[PDB]
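Structure record follows, encoded as structure tokens.
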Amino acid sequence: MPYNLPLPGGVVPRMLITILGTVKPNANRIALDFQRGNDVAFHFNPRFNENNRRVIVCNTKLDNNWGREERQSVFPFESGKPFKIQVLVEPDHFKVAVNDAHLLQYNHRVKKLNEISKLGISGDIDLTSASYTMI
Ligand SMILES: CC(=O)N[C@H]1[C@@H](O[C@H](C)[C@H](N)C(=O)O)O[C@H](CO)[C@H](O)[C@@H]1O[C@@H]1O[C@H](CO)[C@H](O)[C@H](O)[C@H]1O
């Protein structure tokens with residue numbers, strides 16, 4: 001998949017990003033990439049088949065190098081099924097919920113949240129909407 005949600009002003013606490021769509025049939029991967037220039041502040045990557053195991057891989061890329069992965073086995077996504085991803089920005093971490101249920105937390109590694117200018121949305125999904133607001 002290919003699509004970029006511009007975040008004018010960058011990421012900031014109290015910001016809530018909502019992603020609505022439907023996972024494609026025979027899906028293999030999904031990915032949300034919060035970017036800061038060439039760096040990837042927060043990579044959210046559900047993998048549907050890694051050695052016959054489903055897993056959500058989260059990481060950060062700094063100076064073209066991926067860091068220590070943070071893996072989550074709770075996997076709420078289903079091929080062909082609609083989904084909702086919510087990312088709430090906190091001063092210390094990104095809080096992710098899927099289908100209204102808390103899923104995981106990713107501590108900030110990239111500290112200048114204001115430089116996080118956009119969110120790339122890709123993978124095997126049919127995007128309905130990608131938006132944000134404060135709460
Ligand atoms: C293709 C692939 O999924 N590679 C993953 C694998 O990389 C090892 C070192 C090797 N290149 C291989 O698999 O043949 O394992 C590493 C973790 O040890 C990683 O999952 C590789 O996938 C990459 O993961 C990062 C996030 O950590 C990004 O999602 C990259 O897009 C992805 O290729």
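FYI, residue positions are counted from 1 along the chain as it appears here.
Heads up, the Cβ atoms here are built off N, Cα and C, so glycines get one too.
Swiss-Prot lists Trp66, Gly67, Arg68, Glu69, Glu70, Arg71, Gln72 with the feature beta-D-galactoside binding site, giving similarity to another entry as the kind of evidence. In the three-state DSSP classification, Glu70 (beta-D-galactoside binding site) falls within a strand.
According to Swiss-Prot, the domain 'Galectin' annotation covers 3-133, on the basis of sequence analysis.
Long-range Cβ contacts of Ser73 (phosphoserine) within its own chain (separation 6+, distance under 8 Å): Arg53, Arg54, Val55, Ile56. Feature annotation from Swiss-Prot assigns phosphoserine to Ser73; the stated evidence is a large-scale study or a structure entry.
What Swiss-Prot records for 111-126 is motif 'Nuclear export signal', and it gives similarity to another entry as the kind of evidence. Remote same-chain residues near the motif 'Nuclear export signal' (111-126) are listed as 1-13, 17, 19, 21-24, 26-37, 41, 46, 48, 83, 89 (criterion: CB distance under 8 Å, separation of at least six residues from the stretch ends).
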Rank the binding-site residues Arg68, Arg71 by the number of other Cβ atoms within 10 Å of each Cβ and report the first-ranked residue. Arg71
